[PDB]
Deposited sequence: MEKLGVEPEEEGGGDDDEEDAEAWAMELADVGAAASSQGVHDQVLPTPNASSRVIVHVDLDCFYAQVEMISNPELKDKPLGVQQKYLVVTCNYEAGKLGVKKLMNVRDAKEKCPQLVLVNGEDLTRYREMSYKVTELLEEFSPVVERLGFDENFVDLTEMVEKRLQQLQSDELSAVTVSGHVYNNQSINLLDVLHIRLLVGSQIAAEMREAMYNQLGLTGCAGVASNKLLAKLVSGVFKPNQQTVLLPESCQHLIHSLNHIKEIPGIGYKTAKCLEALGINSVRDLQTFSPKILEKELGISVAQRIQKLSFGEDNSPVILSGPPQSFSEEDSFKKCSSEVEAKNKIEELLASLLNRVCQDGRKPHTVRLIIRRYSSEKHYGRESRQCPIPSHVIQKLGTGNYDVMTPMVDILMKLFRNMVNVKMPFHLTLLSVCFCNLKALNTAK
């Protein structure tokens, strides 16, 4: 019952899209900027020392010749992302989205059909596509090895189809679960793929230097674990189950300790259509209810176009604010306005979000972030 999973991660996604829009940007060192942050950059700027999530001032110091493009509008990135996901859904219907640029696909059924169409004389002719992690030797008599190789071939066909149909490049990783497929996809970058045979799992899991490098272990869990002297993957592997059960609860403890061994039983979930739409806007300061009302109007209009095109009606609205630490107030959308989506649906919505806003803050302040979300879609 050993699965074959592929994880696809796009190379400098936003930068890649911006280079497609304006091929002029292809040669020069490019960075995509949101407010004071260079959120991603092309390979050239990366050679010049620019790194992801670097300060615009630090990136400009490291690279004064750097050219920046504003990427605070995720419209193009969202379109392209869902094009990638749909194309992968053409291979296997079960595709899971992670962020805008990552996709898990379960290739087990497909690999099975491909193998069952083959003849024994062709079984020795099975070859890997792309890198093999750790230069490990392929045993063509190992059925798991064969299935993983076929998975590598399917991954290659996926990347080639992404390039020929969408002009996008990315990295792929083929493994037996989602954690390992994601961990091995980034070994060779960019525009390469790597397959992980089982015998090398531990090697991969011990190539990490920080426990936060494990997907599923974030900032709070990492700092917490550090407070107990757990700093390496082997520390977490060998640590006492009961203590971290006490420190993190039973669920977090068991699951992340299983992750420390490369074990991940979670299935690939069909993402399908989005569960929510939302838009944000940060600022140095917000102190006027009129300006807050105007920003909320700006978010509302774009959200209305986005939801109108989707063809599903949201049944909950929420407002999020950040103080001088985030707070939110939501409520159902009236069926009167819900049914008539696409009339001046604006004015009542502004009234609703302004009432929630008053619940949050007293007009009778310093806000640094305003966000609006349509949730509970149908």
task = Would you list the gaps, meaning deposited-sequence stretches without C-alpha coordinates, in the order they occur?
result = 1 to 50, 375 to 380, 399 to 401, 424 to 425, 440 to 445
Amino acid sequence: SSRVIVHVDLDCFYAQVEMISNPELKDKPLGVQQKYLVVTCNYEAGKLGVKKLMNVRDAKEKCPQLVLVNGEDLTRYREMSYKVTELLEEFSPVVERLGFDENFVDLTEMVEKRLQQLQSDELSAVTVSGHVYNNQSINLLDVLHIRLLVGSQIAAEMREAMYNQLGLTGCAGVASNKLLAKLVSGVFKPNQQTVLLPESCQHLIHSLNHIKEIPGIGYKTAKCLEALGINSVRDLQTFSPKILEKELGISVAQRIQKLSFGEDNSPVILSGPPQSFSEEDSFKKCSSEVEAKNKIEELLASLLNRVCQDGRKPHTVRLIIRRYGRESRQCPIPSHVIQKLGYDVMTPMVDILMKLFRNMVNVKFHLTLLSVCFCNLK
From here on, numbers count along this sequence of modelled residues.
key: Given 21 to 29 and 5 to 13, the range whose Cα B-factors average higher in the PDB entry   = 21 to 29
message = Can you tell me whether 187 to 195 has a higher mean C-alpha B factor than 253 to 261 in this record, or the other way round?
response = 253 to 261
ask   = Which has the highest CA B-factor per the PDB entry: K178, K212, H206, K284?
value = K284
remark   = For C308, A161, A222, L107, the deposited C-alpha B-factor is largest at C308
query = How does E72 rank on Cα B-factor within its chain, lowest, middle or highest third?
reply = middle
ask   = Hey, what third does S288 fall into on Cα B-factor, ranked over its chain?
value = highest
inquiry  = Is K295 in the lowest, middle or highest third of its chain when residues are ranked by C-alpha B-factor?
reply    = highest
ask   = Going by what the PDB entry lists, where does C171 fall on CA B-factor within its chain: lowest, middle or highest third?
value = lowest
task = Quick one: classify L123 as lowest, middle or highest third of the chain based on its Cα B-factor.
result = highest
